[PDB]
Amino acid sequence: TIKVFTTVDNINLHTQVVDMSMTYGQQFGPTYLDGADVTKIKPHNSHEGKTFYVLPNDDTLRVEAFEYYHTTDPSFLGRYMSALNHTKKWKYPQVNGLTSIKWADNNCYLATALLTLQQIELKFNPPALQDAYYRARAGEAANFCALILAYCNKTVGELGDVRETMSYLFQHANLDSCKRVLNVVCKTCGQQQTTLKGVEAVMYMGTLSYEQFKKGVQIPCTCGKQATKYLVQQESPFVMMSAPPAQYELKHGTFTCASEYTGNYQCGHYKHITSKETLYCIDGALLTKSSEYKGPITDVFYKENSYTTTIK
């Protein structure tokens, strides 16, 4: 017989003694070692002393699972371990002082999101996400990338959209203090003010330019006549401006980072543009730099703290 450790969070470890005759699935249930399904695998000698991930089978494991992951989905652990099995074999090179991902299994949208998260201020609510976030910034982003896929209900190889991945991650972050006050202007109905909170206060779909959002954009009113919507007040550490892929010029120092999308719908490829001392383009493990940039951009990220418009 061998002595092992079972856990759901890799923190609260539980001591267990197993029988080498019965497989792990008969004694613990669905069991995993470093992302590998060891349910139908009998206990081995190298397995002694190692820590095993198990699906919660009692209330103590269930409670511990929620405190770390903030989910009660019984499929989360398996989807997490299934993604981890791939992400542990990916390469995570340091590029321009940032942790990127060598291209594999259509992970270009994951690398772009990973590079973006290292350049904006964000705090994740699930301790599992925050801990992996920290380790990702230090260069060990395998667990973080697997968690992103599990939280987004995406599998390795699936075609991913960066704007949708960021929105899913934003919903698992503390954006309660983020406030956005808007104002619509219609020739017939008049002027109406709205206040957005949370994820809706930091994301917009329609234009890439934060300045254009401040000046105003044409949105259709409920009466038929076109209206004008502009930003009144913004209280957030950042702002994400999105638009369908189109040719766009990125000026050095006017933005934080941006998402470049080339190719067909869903089947395209992502690249990451970041504004440093000069404009840098990160394509997985490849790095290029230029003083100017013009290309198909679909997301742009800007810095912010507090903004109040001057329009009367």
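Numbering starts at 1 and follows the sequence shown. Superpose the two forms; the largest set of C-alphas matching within 1.5 Å is the rigid core.
Visitor: Fitting on the core, do the C-alphas of 213-221 or of 107-115 deviate more in 5 other deposited structures of this protein?
Guide: Farther on average in 5 other deposited structures of this protein: 213-221.
Visitor: Given a rigid core fit, name the stretch, 35-43 or 62-70, whose C-alphas are on average farther from the form shown here in 5 other deposited structures of this protein.
Guide: Result of the core-fitted comparison in 5 other deposited structures of this protein: 35-43 deviates more.
Visitor: Going by the B-factors listed in the PDB entry, is the mean over the C-alpha atoms higher for 108-116 or for 207-215?
Guide: Going by the record's values, the stretch with the higher mean is 207-215.
Visitor: With reference to the PDB entry, specify whether the mean Cα temperature factor is higher for 160-168 or for 184-192.
Guide: Higher mean C-alpha B-factor: 184-192.
Visitor: Just grab whichever of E260, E67, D283, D37 has the top CA B-factor as deposited.
Guide: Going by the entry's C-alpha B-factors, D37 comes out highest.
Visitor: If you compare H269, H252, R62, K50, which has the highest Cα B-factor in the entry?
Guide: Of the options given, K50 has the highest CA B-factor in the PDB entry.
Visitor: Should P74 be placed in the lowest, middle or highest third of its chain by the C-alpha B factor in the entry?
Guide: Within its chain, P74 is a middle-third residue by C-alpha B-factor, going by the deposited values.
Visitor: Among the modelled residues of its chain, does the C-alpha B-factor of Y230 lie in the lowest, middle or highest third?
Guide: As the PDB entry reports it, the C-alpha B-factor of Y230 lands in the highest third of its chain.
Visitor: Going by the entry, which third of its chain does the Cα temperature factor of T222 land in?
Guide: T222: CA B-factor falls in the highest third of its chain.
Visitor: What third of its chain, lowest, middle or highest, does the C-alpha temperature factor of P43 fall into?
Guide: For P43, whose C-alpha B-factor we compare with every modelled residue in the chain, the answer is the highest third.
Visitor: Compare the C-alpha B factor of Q27 with those of the other modelled residues in its chain, then answer lowest, middle or highest third.
Guide: CA B-factor rank for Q27: highest third.
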